[PDB]
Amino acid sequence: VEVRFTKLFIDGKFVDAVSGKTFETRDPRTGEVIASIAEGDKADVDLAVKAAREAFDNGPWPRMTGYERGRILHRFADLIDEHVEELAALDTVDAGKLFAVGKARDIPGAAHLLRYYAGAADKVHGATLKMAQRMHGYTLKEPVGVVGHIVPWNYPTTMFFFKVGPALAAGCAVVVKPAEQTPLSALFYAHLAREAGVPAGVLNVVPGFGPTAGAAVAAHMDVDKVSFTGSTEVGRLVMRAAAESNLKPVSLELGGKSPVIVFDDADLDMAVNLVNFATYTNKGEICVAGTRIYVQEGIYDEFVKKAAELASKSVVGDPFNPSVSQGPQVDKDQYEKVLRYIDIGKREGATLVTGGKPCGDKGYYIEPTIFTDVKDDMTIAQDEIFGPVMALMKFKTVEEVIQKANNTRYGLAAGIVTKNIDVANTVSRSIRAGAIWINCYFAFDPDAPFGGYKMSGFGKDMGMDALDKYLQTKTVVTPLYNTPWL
């Protein structure tokens, strides 16, 4: 895989870091260096924010009609689609993601999401109000201004567009800080945005480390809003940094411990295939991965046997190979962390059914893992592993499983497998999670808002809701004289 975009993207230009420093990105297949990327720090973020400030305050982008920003975003989406193979290859080498899924789903899904916001750009509405005095009131929806985005490594393309798509459609100027593990595709997008007609300073990309570049975005006095996706720990630092700088609003997606509930009436093969998909997609490196599987007692035993057969059949290997179902973990730290959690599961008394060990000659490959006899307060039942590890459990009643599903500090997503309308309605309304997937999984859609409850964070990505977070509501009021109606 070739890398042509390695510098920072500030003010419509690819530039080196002020320090002249570079950091390395590694391929999880081998641990070998892919490329050396310019290492942005506080000085580079300051330059990107100044570029974003100039583009918003005096530049053409927010002054454009919504229709003309949409036309530019539609051209940007078309360019993504023409570089689909190169973009998927970049994400496969940077993050260990399956190339076939990158081409078929991930990269076109990003272009599709950017089309959704491009189509929303000329349809943004405020309200005309109903005053309880002889006055005319209305609200204006205005771009927030300079927005700072801090993004993780698991879905580099997807996360980039969840943030960039709605913010740019709203008329904002952005500074994106991609994960140190995955800076590649974000620099390619900065190049495509420029080609599409996105003006200089509207999209700034500052690759670099978290406590340096990432913290500089969160603490910036001239950034109006920050949207952050990543760990619960860093989410606390981002929220604190906003409080101690300029009181900028913040939106956070902090991961979860997603339960999947399988009832007695489920089709066994469908439910096994669905749970396998929920747990092992992207080597378990997803904020919404099925992690706690609750299977009703009537089908429990047959489910365990089928889940074990299917997991052990999974082809683990080179993500570029189309016969491969599971690639390596992102890097060494993640790989080692998943191994520690697997050891924890064994140490606390859970039963290892399949996997639970690394595989292959080289690379960060871990066997799809199933633990049974998992108790609700166990570490593997409470902590986000972010790896190919399932906690398989049994339940008797609906009331009992609702309590189990909600026995977590998280609340991002949940899966329900049942044919009964009443069970589906009772369970979906009772689980404290932002997204409920009934007889499907990872049912993300550009039109559907996505965001957590509890420690999964707050604010939405996707849907019209995401567009609304990059718009301020301004109330304007004037008295009325001789009105024939009120």
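Don't overthink the numbering: it's just position in the shown sequence, from 1.
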Check: Looking at the entry, does 213 to 221 or 356 to 364 show the higher mean C-alpha B-factor?
Finding: 356 to 364
Notebook entry, point to check: Averaging C-alpha B-factors over each stretch, which comes out higher, 132 to 140 or 227 to 235?
Noted result: 227 to 235
Notebook entry, point to check: When you compare the CA B-factors of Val84, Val176, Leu252, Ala405 as listed in the entry, which one comes out on top?
Noted result: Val84
Notebook entry, point to check: What third of its chain, lowest, middle or highest, does the C-alpha temperature factor of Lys454 fall into?
Noted result: lowest
Notebook entry, point to check: When the modelled residues of the chain are sorted by Cα temperature factor, does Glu68 land in the lowest, middle or highest third?
Noted result: middle
Item checked: Third assignment of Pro322 from its chain's C-alpha B-factors -> highest
Item checked: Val18 - Cα temperature factor, lowest/middle/highest third of chain -> highest
Item checked: For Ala443, the third of its chain into which the C-alpha B factor falls -> middle
